[PDB]
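Trainee: Once you've seen the sequence and the experimental structure below, I've got questions.
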There are 4 protein chains.
Amino acid sequence: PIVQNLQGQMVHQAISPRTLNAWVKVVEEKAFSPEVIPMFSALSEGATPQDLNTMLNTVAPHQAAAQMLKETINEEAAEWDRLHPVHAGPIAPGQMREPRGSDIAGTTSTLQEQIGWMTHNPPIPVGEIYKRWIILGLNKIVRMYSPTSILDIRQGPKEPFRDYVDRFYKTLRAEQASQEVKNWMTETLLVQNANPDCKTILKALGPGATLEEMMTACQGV
Amino acid sequence: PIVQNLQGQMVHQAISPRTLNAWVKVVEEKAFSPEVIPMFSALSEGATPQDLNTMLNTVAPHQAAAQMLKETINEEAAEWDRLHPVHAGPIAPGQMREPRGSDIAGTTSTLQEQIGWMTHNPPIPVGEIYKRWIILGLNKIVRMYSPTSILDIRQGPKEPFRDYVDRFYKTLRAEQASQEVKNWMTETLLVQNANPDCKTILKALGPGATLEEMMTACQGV
Amino acid sequence: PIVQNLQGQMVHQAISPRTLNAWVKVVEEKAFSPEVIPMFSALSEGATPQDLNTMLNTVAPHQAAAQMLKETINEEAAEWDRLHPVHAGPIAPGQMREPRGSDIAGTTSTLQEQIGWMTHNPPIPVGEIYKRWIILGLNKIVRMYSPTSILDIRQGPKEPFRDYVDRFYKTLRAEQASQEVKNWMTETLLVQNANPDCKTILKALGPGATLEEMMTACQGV
Amino acid sequence: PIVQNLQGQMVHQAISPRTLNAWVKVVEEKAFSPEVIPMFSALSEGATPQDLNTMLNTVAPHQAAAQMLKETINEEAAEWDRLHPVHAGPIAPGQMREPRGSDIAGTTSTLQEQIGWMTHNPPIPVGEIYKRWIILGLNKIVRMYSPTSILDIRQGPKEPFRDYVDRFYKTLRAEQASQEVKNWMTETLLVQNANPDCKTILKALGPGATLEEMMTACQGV
């Protein structure tokens, strides 16, 4: 992250060891479940690209996930270079150069370059964009490691309706289908895969019932 | 939150990553049980409206809960605008403008505006009011996700009386009935739904016994 | 339909009784299955709006279907009037007036008006548009009478793969989901609901296999 | 088709609605069995390319079959263009232009163009060639939908020999192997897959027996 020194100048502060250890616990203990992404986003809050690569070292022992992340990051860097062609010409002395795809990812840049790029009015946030690339890679990894299809999430004969709903929506978060397909899933498949008593009540409830009304009508069933 | 710099001026400090990760763990692991509210209140202690929106991003993947929160917040902002009509007229240069409903929630304001509004003598606490709106939304969410009715909390044949009492009062906290209805519940339904031996003792104890006396008379039963 | 007399002038010829009887057999014997629509389109080939109302009388004894058709036709006529506002002003003597929604459906027009409107260079086809409105109504009717969800079409343990595919695609034709949802259905649900041996082969076949390759690999399984 | 008016001039007559309905019944009821091809050839007798596209609309709801037909037709149109290069140069006023692949299929042409092309001495039959392309596509479709291999057609213990022969030759018609392979099949596989009593008689009958002699010697067996 970025901190101000006693003289009012922006200084890079490394991630503290217990934050890094929290991220290591997330990576090594949670099997890339969907909650790895909110936790990563919280733990890399306000980070520089050099900090993000420190957090990416924890993924390297997981070769398939690390390779998927590398492919996503290379694709994003190439796309960034294509959409930001390197202008050839003079530059104002008070203006800094334009980082490349290998620079936003911190492969060839240095710490002061990233601090200066991020600390500006108006800012060009290099940490947030690299973070979004990482999150796309992690979404792909969560999709790859998902153990069940949404078609296989079915309410047990004695399972409470809220628990089935939580499992259903967690798998839906993992699968990341298209928006229209997701709407069809939540409207139709949730009712279709409920157990007989809840299914009877939900069918009687009619189409277009909100999830809150469905939870109300199935509370003790 | 708000901190003082070396020059004695109020400065906004972001929520630390492990605090945000604690909130993420609460959201993703506790299924919106009633204790989510004390934990949220502790974790957002002394926060600005911009910090509260960072904590609200964690809820967004939970669509029903996020929508219920959005509806509660929109209702509260509209009510605030109605009860605080925008006065048209001159304002003192030493006095700041009046934030709107979309400003207390931090949708259109900026960080310095919120810092200045909160840091004043006397203060107009924008963090506390937005926090109370969030807590109303969360109370509704806890009500929606509650798995059992208070009518279905019944002491097991071998369950200790203190454990049944704890389950009963936790469900009562979740359900949030009216105050008179809650008093009727704790006075009548708790005794009605106890197991036969404890029920015999409590009936012999008479009406208007305090909960402490009931716990005393049922300790090993 | 429209025929030329011996003098070269366009003349309306009524639908022959055995064509009408074929349509009656379709309506009264097929329970509004999806093939009612291709058959109706073939049997009303080149018809005038007055002929289409003769074919619509056969549906009138089926009150729910007839009412759904009437609602669809009224909606389409209102939309046509809205998108074709009645211009107030002079009209060329060699140009005919503009039919209204109640005129394209033949409620207030006469036979010669429809013949003249359809027989023109360039033509304004009143039969085709009314026919498309009828087809929208019939699609809704086929959806209403569909006995099974697409989620309930599952290959039998000894059912040949081609027969399961035919049932699946016929139900898909009946249900008329969105295009993206239909693509998801044919790509995912067809494989998910196959029987174990065909499912093993199709999973080994990999994603993005064409339906022809799936039929080839499952022929005798 | 093409008809002569009262003045002796060739006029296009549309396909009658009950002919189109017969074709619709063939498409929607017979599951693309091998007899769909003789029926299609009979029902499109003397048709123009514009009529053939009307009959092709009935196949469009069957997406796999429709796509296979479209691929076959595109391939044939490209081959026709390659073998009939568009000559650049003057043309006789009494001679019509040369239709392209998109014109014989009626995508860009008009009705009078096709009537003039077909009605000529000597004729250039555009209906017959497009019909042969359609028939190639339909042969591929019949192959795709075939439920059984020729290797799986085996005489039942009590099945009459003529019925087994009919099933065998119908599957052989569906499969459309090479001519030499088909000759090997009818000479060897038919005898190999017969039931024991008929097999004994056919082996005693010797190689090179005609099918009539085999039917004679197995009549009541």
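Mentor: Thanks, I have it. Residues are numbered from 1 along each chain as shown, chains lettered A, B, ... in the order given.
Trainee: What is the longest helix along chain A packed up against?
Mentor: Longest helix in chain A by number of residues (criterion: DSSP state H): helix A:63-83. In terms of contacts (3 or more Cβ pairs under 8 Å, 6 or more residues apart in numbering or on different chains; DSSP states H and E), helix A:63-83 is packed against helix A:101-104, helix A:126-144. No exception for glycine: its C-beta is placed from N, CA and C like everyone else's.
Trainee: Which positions in the longest one come out as buried?
Mentor: Okay, so that is helix A:126-144. A:126-127, A:130-131, A:133-134, A:137-142 (16 or more other Cβ atoms under 10 Å in any protein chain shown).
Trainee: Outside of it itself, list whatever touches it.
Mentor: Contacts to helix A:126-144, defined as Cβ atoms under 8 Å, 6 or more residues apart in numbering or on different chains, come from residues A:32-34, A:36-37, A:40-41, A:44, A:46-49, A:51-52, A:56, A:64-65, A:68-69, A:71-73, A:76-77, A:80, A:99, A:104-106, A:114, A:117-118, A:174-176.
Trainee: are any of these buried, and which?
Mentor: Buried by 16+ other Cβ under 10 Å: A:32-34, A:36-37, A:40-41, A:44, A:46-49, A:51-52, A:56, A:65, A:68-69, A:72-73, A:76-77, A:80, A:99, A:104-106, A:114, A:117-118, A:174-175, out of the contacts of helix A:126-144.
Trainee: Please list all residues in contact with residue A:100.
Mentor: With Cβ under 8 Å, 6+ apart, residue A:100 has these contacts: A:77, A:80-81, A:86, A:108.
Trainee: How far does the host helix or strand of residue A:162 sit from its chain's centre?
Mentor: Element membership for residue A:162, per DSSP states H and E: helix A:161-175. The chain centroid and the centroid of helix A:161-175 are separated by 18 Å under Cα atoms, centre = their mean, to the nearest Å.
Trainee: What of stretch A:206-221?
Mentor: On Cα atoms, centre = their mean, the centre of stretch A:206-221 falls 30 Å from that of its chain.
Trainee: quick one: it near chain C?
Mentor: No: using Cβ under 8 Å from any Cβ of the partner chain, stretch A:206-221 stays clear of chain C, coming no nearer than 12.8 Å.
Trainee: Flag every buried residue along that stretch.
Mentor: Those would be A:211-212, A:214-215, A:218-219, for stretch A:206-221 by 16+ other Cβ under 10 Å.
Trainee: Find the centremost residue of chain A, please.
Mentor: residue A:135 (3.6 Å; Cα atoms, centre = their mean).
Trainee: Next, the residue in chain A positioned nearest to chain B: secondary structure please.
Mentor: Going by Cβ to the nearest Cβ, chain B is nearest to residue A:42 of chain A, at 3.8 Å. Of the three states, residue A:42 takes helix under DSSP: H, G, I helix; E, B strand; the rest coil.
Trainee: Now do the contacts for it.
Mentor: B:17, B:20-21, B:23-24, B:58.
Trainee: let's see it at 10 Å
Mentor: Contacts for residue A:42 (Cβ atoms under 10 Å, 6 or more residues apart in numbering or on different chains) come out as A:19, A:22-23, A:26, B:15-25, B:54-55, B:57-58.
Trainee: Give the helix, strand or coil label for the spatially closest residue to residue A:145 that is not a sequence neighbour.
Mentor: Closest residue to residue A:145 in three dimensions, ignoring its sequence neighbours and counting by Cβ to Cβ, 6 or more residues apart in numbering or on different chains: residue A:32, at 4.3 Å. Per three-state DSSP, the local secondary structure of residue A:32 is coil.
Trainee: Is it correct that residue A:32 is in contact with residue A:69?
Mentor: No: if you go by Cβ atoms under 10 Å, residue A:32 and residue A:69 don't touch, sitting 11.1 Å apart.
Trainee: Please give me every residue in contact with whichever residue of chain A sits closest to chain D.
Mentor: As assessed by Cβ to the nearest Cβ, chain D sits closest to residue A:181 within chain A, at 18.8 Å. With contact taken as Cβ under 10 Å, 6+ apart, residue A:181 is in contact with A:150, A:175, C:177-178, C:180-181, C:183-185, C:188.
Trainee: Residue A:190 too?
Mentor: Contacts of residue A:190 by Cβ under 10 Å, 6+ apart are A:150, A:153, A:155, A:164-165, A:168-169, A:172, A:202, A:211, A:214.
Trainee: Distance-wise, check it relative to residue B:212.
Mentor: Distance of residue A:190 to residue B:212, given as Cβ to Cβ, to the nearest Å: 46 Å.
Trainee: for residue A:32, same thing?
Mentor: 50 Å.
Trainee: now residue A:207
Mentor: Residue A:207 is 52 Å from residue B:212, by Cβ to Cβ.
Trainee: quick one on the thing from earlier: could you tell me which residues touch both of residue A:32 and residue A:69?
Mentor: A:59, A:62, A:138, A:141.
Trainee: Is it correct that residue A:111 is in contact with residue A:53?
Mentor: No: with contact defined as Cβ under 10 Å, residue A:111 does not count as touching residue A:53 (11.4 Å).
Trainee: first to last residue in stretch A:23-43, what's the distance?
Mentor: Stretch A:23-43 has an end-to-end distance of 7 Å (Cα to Cα, to the nearest Å).
Trainee: circling back to that earlier point, out of the buried residues of helix A:126-144, which comes closest to residue B:91?
Mentor: Residue B:91 lies nearest to residue A:127 out of the buried residues of helix A:126-144, by Cβ to Cβ, at 38.5 Å.
Trainee: Quick check: residues of chain A near chain C?
Mentor: A:149-152, A:177-181, A:183-185, A:188-189, A:191-193 (Cβ under 10 Å from any Cβ of the partner chain).
Trainee: I'd like to know which of the residues you listed are part of strands.
Mentor: Per DSSP state E, strands hold no members of those.
Trainee: Now the buried members of these.
Mentor: Here, 16+ other Cβ under 10 Å leaves A:150-151, A:177, A:181, A:184-185, A:188-189, A:191-193 buried among the residues of chain A next to chain C.
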